[PDB]
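These notes are about the structure you will find just below.
There are 2 protein chains.
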Amino acid sequence: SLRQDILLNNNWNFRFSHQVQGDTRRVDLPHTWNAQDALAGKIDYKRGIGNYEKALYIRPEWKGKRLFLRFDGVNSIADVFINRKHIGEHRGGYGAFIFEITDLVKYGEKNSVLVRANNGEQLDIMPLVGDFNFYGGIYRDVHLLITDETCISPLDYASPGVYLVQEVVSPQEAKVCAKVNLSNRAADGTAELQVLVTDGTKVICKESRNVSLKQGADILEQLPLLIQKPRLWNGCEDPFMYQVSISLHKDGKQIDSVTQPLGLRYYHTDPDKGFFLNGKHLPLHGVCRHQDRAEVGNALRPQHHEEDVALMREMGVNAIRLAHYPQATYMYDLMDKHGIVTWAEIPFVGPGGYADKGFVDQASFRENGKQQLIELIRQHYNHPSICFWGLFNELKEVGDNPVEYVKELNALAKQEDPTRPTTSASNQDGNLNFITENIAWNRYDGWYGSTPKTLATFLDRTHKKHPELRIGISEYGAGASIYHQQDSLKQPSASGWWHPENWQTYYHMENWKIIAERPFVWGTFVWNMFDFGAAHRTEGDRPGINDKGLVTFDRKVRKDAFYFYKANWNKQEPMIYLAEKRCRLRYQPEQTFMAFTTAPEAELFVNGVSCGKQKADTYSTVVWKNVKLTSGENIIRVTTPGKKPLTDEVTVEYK
Amino acid sequence: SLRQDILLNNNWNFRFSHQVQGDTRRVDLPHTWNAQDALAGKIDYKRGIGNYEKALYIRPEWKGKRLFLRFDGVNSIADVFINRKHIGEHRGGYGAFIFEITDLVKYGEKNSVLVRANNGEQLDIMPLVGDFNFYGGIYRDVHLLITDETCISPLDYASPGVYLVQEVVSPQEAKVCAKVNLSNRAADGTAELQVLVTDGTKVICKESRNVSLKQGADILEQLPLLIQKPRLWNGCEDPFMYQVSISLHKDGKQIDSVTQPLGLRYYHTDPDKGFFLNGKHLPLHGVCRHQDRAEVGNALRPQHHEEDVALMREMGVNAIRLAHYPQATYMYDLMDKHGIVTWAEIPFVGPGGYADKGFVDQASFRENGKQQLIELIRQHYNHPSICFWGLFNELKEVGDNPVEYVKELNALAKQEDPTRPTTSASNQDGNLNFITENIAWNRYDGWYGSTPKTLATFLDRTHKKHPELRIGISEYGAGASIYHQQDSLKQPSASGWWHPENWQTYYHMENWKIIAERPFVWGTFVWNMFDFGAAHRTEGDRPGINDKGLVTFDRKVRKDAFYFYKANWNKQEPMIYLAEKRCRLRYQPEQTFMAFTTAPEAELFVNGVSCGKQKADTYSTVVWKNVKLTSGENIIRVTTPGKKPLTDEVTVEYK
Ligand SMILES: O=C(O)[C@H]1CNC[C@@H](O)[C@@H]1O
Ligand SMILES: O=C(O)[C@H]1CNC[C@@H](O)[C@@H]1O
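Protein chains in written order, with the deposited numbering: chain A, 36 to 690; chain A', 36 to 690. A prime marks a further copy of an entry chain.
What follows is the structure in structure tokens.
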């Protein structure tokens, strides 16, 4: 009677097609075959076909039901076979996809499921280029879905089949259109469709409709909902969601059901005053996050998403840009749950300072880009956290000019979802910046040359020249190795093998001050919350890594800048953090010590003797200058005021 | 006036000799060139020559002083050049070495220091084989040492030049012979040698001697010390050490000085009753630890040693086998500090289940083995934590038979240091087991076949047949991936790609029970405290890794077995830990839950409803059987008794 969702992750037989003999090894999903070679900095890591095969017992009692194989993600092309007969293809590495196998299997026996995954280079599947790894394989879950022959359809771009369209939302009332896809393979007849909105045990809406479904029908039903005096999803202040059950009934029996969240809110972006959520100004304190991790590549487990979100909330993050592609359903779920305003985007990624192009002007590429956009929007439609749809990152006009195609994507986004604005992330001047509703730039003033001050100049000049633009900062950052430490502050070469941590700290303190004074900037996103994989990189403390994270690739170590942001953004958790603790060897005659704290002041101790109190500045920073160390070991301690104080401590050597 | 010790770790120019053009890149020590390729499971990772060059300013005011380059470790051959002229060679990857450069430099200018490091295969430098990576390069610190022309010699196998020989130790008195190497390059004359033993500010011994030193003299002075009613170094109970200052004086001026610890104790090993420290029985709750780590290979920083020791102490470790080679001075220092009884060993490593040999019977190999043993003993002589010198690991008699050579090494160890017993780690029957004073075996009953019970049978039969042997277990362990989880307990294939965590947990619980009942076993050492690198491995959740750690390779995650040992070994820190939390998906009709706790009992809750209390067994384990889950999410909580209880919690899905 109930819909079943069966995980098919364990024990698949794997081999590369370049291994011609046919023998296989066991693997377990999520899986990528690029977790060792790409992460070792091998620039020509394996990009081609890997094959997964599993024997699936089709239970006799599933006869009469409908059966679907749903894939959460396979990078980048998947060809699926049942009993070695081809059933379909998916092109795109980040969107879910589904095939019905109801009439393709033999009931009561083992059937072969074969997936031939290809992450070889293509010129007709975005992303074509990018500063990250194109990890190959079935790197998200695989499900066997089992439903009634009359069901809420899972066949609409592999979405849940329900779109809760937020037409009008205010504190007085919300009008929602529940769009429901129905799929019928039963004999001609009827069913009753019910849409139930609840808050815990309390019933908020219950709307019903009798529907006549022809054999073979695949149709869209639209049920209007009205909620009086709604409780709004209000970011981290109150991430409230209703639950919606959508169900089908025949003769007073429920025969199918799906649940989706309903987090109601309204928003706008003001060119002069920034982002407003539910009628109130909201600074977007944002970071970016790639979907990979040390040692496992992009084969992330649920605890990895959970941990990433825990670290961001610890830091006081209230906004995120999930670059550079559609990410996991579970990850958008955590954004919903924790109230994090989210920018979600398609992988329409340009070259940046590197070679080749993000756009190749041929129908196959362009049609496939539209498919990946429709996938993004339909598959992730109901997540309240998503407040912006991103259409590109660092495209450029030279050669194949993407401006007209990006206009087509913008119009398609607005058609698919008029309830959210489009955005984009640019490193260019010119017409590419004037298509999406909001615009943002990737700025590295003070890292890739210049000084942080030119970010202030760029922001002010652009805002004055183009007062209609809603200006954001879609990336800003600096590299750091936790193993590169020096007593003095000196700007390093960005592309070199020396990325002292103190420069990243300096960079973020200076850039944050510029942002904090400019409320017309509707959101800013640190590049990046975590170090991440990019095989071609040859910089910092090891190849193959982009080290602009606030936290290391294995999520183990928070860099000093993490705590600068935590003090400023997470003000209600008491803390004190001494900066430059990893710089154990000191040689400067005049030592400077610096702490980040939520307290109004702090006290410094050197070798157990107080150096006195210093006040925190407006950026939660306390600084002591001309501190005198003695030759050899020195114990440095900082303490907040109060009867029960907080402390941080380190032993440094002075010579 | 003072001895100077200057770190030369930053900014060296590096290239491989296979890169013939001559251009270089910046590197910073500690460094290995095998941190990416070997750790990616590349079995033919780079083994050959890497070159490091640094310009060193020789200060005019160093003229008249003596200058030394001291290397803490270079794997495996180092050729050192000053202004591109060869000054010496070291063969051996784990012992320190030193060259005087006093008369080789130009004062008042930059001098070139060039180190040509080679980790290419050799048949004349142990280890010849082994289940670990032979990471190449200058992977420990480099120092410039500056002393008076008359000094406590740093030239005796690069040791501190002072051996505090523990002749007789008891609670009534300790007799120590302070052996001091003196090196003179001043004009013929005299100096006063002082040996000062202190406890904080309190003076315990002060012995002095006037010495006549010819020009060019390199001599040994021996000063007897007598300490009445000493405070003994007593393991974790009281890791007390005196400090010894050894100084040279001319005309009432101190001209040189070195400090060494003096941790006084006595011990013996009883064939029937196990290890006795300072006259009292002491169970050795041991683990093993390799000197590498995720992402950095063996280029460990001080915080890495510190963290490894923190994790071991957290687990209640009181003994360690620092396999399979001499490890860092700083690491033995931490063992001294924290009271951990230590087995230190030379890299005389045999093949185990793999090919080739640990012993090649040729003079060059054998003489070099003796050098590495003398290095080990002289360089690490004064560490109280070291209570055993290990001479080999898994050698075998077939082909080149090492028995007679190992007897030579045993006699050499006893000559170099009669104050500690020799030991060895065997996987063989026969004559190899009857050479060293203590013997131990590497046992994998229940992992590499058989069942844990045959360990009990082996231990009892050996002990009965050979009542004179002091029997230990130098390794025991099982593999586990934290990403391999299954609801049921089933023994996996050791060499396969599936290492469910629950089997490692089962293995350690069963083996520990066998050990705990057998006090004639003087020490046991878990293989291994941490997952570690072994490029040739193809098992568990990724290639290139030996996953028998209780803690993951990046030191981030403690496996369930870590907490079993912590509950049993660290009884005075209150804790409760629910096992199998990583096994999120449950399907067994009858669920079993298991907790490790220091409490006498604990209570289980399922979906907020108590299932009742259960008593902890003698191994700190609480178990609830036939627990009923409901379909879908279940919240599982366990709690200790008391007004302020401890808790552990997890959400599992049942289907
Ligand atoms: O250079 C960087 O670190 C960033 C530049 N903008 C685009 C990002 O993908 C890239 O990673
Ligand atoms: O097989 C194992 O895991 C161990 C067997 N004994 C020797 C170790 O070096 C090795 O790692």
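Virtual Cβ for every residue (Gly too), placed ideally from N, Cα, C.
query: Could you tell me which chain A' residues have their CB closer than 9 Å to the CB of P624 (chain A), listed as they occur along the chain?; result: In chain order: nothing, as chain A' lies at least about 17 Å away.
query: I'd like the list of long-range same chain contacts for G575 (chain A), defined as Cβ closer than 6 Å, with 5 residues on each side in sequence excluded.; result: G514, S516, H534, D582
query: Given that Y518 (chain A) touches chain A', what residues does it touch there, using C-beta distances under 7 Å?; result: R336
query: Between the C-alpha atoms of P162 (chain A) and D396 (chain A), what's the straight-line distance to the nearest angstrom?; result: 14 Å
query: Throw me the rounded Cβ distance for the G309 (chain A) and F555 (chain A) pair, which I believe falls under 8 Å.; result: 6 Å
query: Using the C-alpha atoms, what's the distance from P65 (chain A) back to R175 (chain A)?; result: 5 Å
query: For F51 (chain A), name the three-state secondary structure that DSSP assigns.; result: strand
query: Cβ of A379 (chain A') within 8 Å of any heavy atom in ligand 2?; result: no
query: Counting pairs of Cβ atoms below 8 Å between the region 368-385 of chain A and the region 419-439 of chain A, do you hit three or more?; result: yes
query: Going by the CB atoms, is the gap between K145 (chain A') and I93 (chain A') shorter than 9 Å?; result: yes
query: Quick check: the region 447-460 of chain A against the region 325-336 of chain A, are at least 3 beta-carbon pairs closer than 8 Å?; result: no
query: Helix, strand or coil, according to DSSP, for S516 (chain A') in the structure here?; result: coil
query: Going along chain A in order, which residues have a C-beta closer than 9 Å to the C-beta of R324 (chain A')?; result: The premise fails here: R324 (chain A') is roughly 18 Å from chain A at the closest Cβ pair, so nothing lies under 9 Å.
query: On the three-pair Cβ rule with 8 Å, is the region 403-410 of chain A touching the region 110-130 of chain A?; result: yes
query: Could you name the residues that DSSP lists as bridge partners for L102 (chain A')?; result: A':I181
query: Interface residues of chain A' around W533 (chain A) at Cβ under 7 Å?; result: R61
query: Taking DSSP's pairing of strands, which residues face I187 (chain A') in a bridge?; result: A':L217
query: State the beta-bridge partners of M629 (chain A') as determined by DSSP.; result: A':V658
query: Give me the subset of the region 75-87 of chain A whose CB atoms are less than 9 Å from a CB atom of chain A', sorted by chain position.; result: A75, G76, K77
query: Please confirm if the region 432-452 of chain A' is in contact with the region 184-197 of chain A', defined as three or more CB-CB distances below 8 Å between the two stretches.; result: no
query: Locate the alpha helix (DSSP H) running through residue 31 (chain A), then write down its first and last residues.; result: Residue 31 (chain A) is absent from the structure shown; chain A starts at 36 and stops at 690.
query: Would you tell me roughly how many angstroms separate the C-alpha atoms of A634 (chain A) and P676 (chain A), rounded to the nearest one?; result: 8 Å
query: What are the start and end residues of the beta strand (DSSP E) that includes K81 (chain A)?; result: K81 (chain A) -> no beta strand (DSSP E), and no H or E assigned at all.
query: Thinking C-beta only, is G568 (chain A) closer than 9 Å to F597 (chain A)?; result: no
query: How would you write the range of the alpha helix (DSSP H) that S399 (chain A') sits in, first residue to last?; result: 398-414
query: Quick check: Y365 (chain A) and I421 (chain A), are their CB atoms within less than 9 Å of each other?; result: no
query: List, in chain order, every chain A' residue whose beta-carbon is nearer than 8 Å to that of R577 (chain A).; result: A70, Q71, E330
query: Between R617 (chain A) and chain A', is the shortest Cβ-Cβ distance under 9 Å, so that the two count as touching?; result: yes
query: Counting only Cβ pairs nearer than 9 Å, list the residues of chain A close to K100 (chain A').; result: Residues of chain A passing the Cβ test: none, with the nearest at roughly 17 Å.
query: Inspect the beta-carbon positions of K488 (chain A) and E545 (chain A) and report whether they are closer than 9 Å.; result: yes
query: Below 9 Å between beta carbons: does that hold for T67 (chain A') and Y170 (chain A')?; result: yes
query: Is there at least one Cβ from chain A' nearer than 9 Å to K591 (chain A)'s Cβ?; result: yes
query: If the criterion is Cβ atoms closer than 9 Å, does the pair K214 (chain A') and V232 (chain A') meet it?; result: no
query: Would you grab the beta carbon distance between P296 (chain A') and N417 (chain A') for me? Rounded to a whole angstrom, and I think it's under 8 Å.; result: 6 Å
query: Which class does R590 (chain A) belong to by DSSP, given the choice of helix, strand or coil?; result: coil
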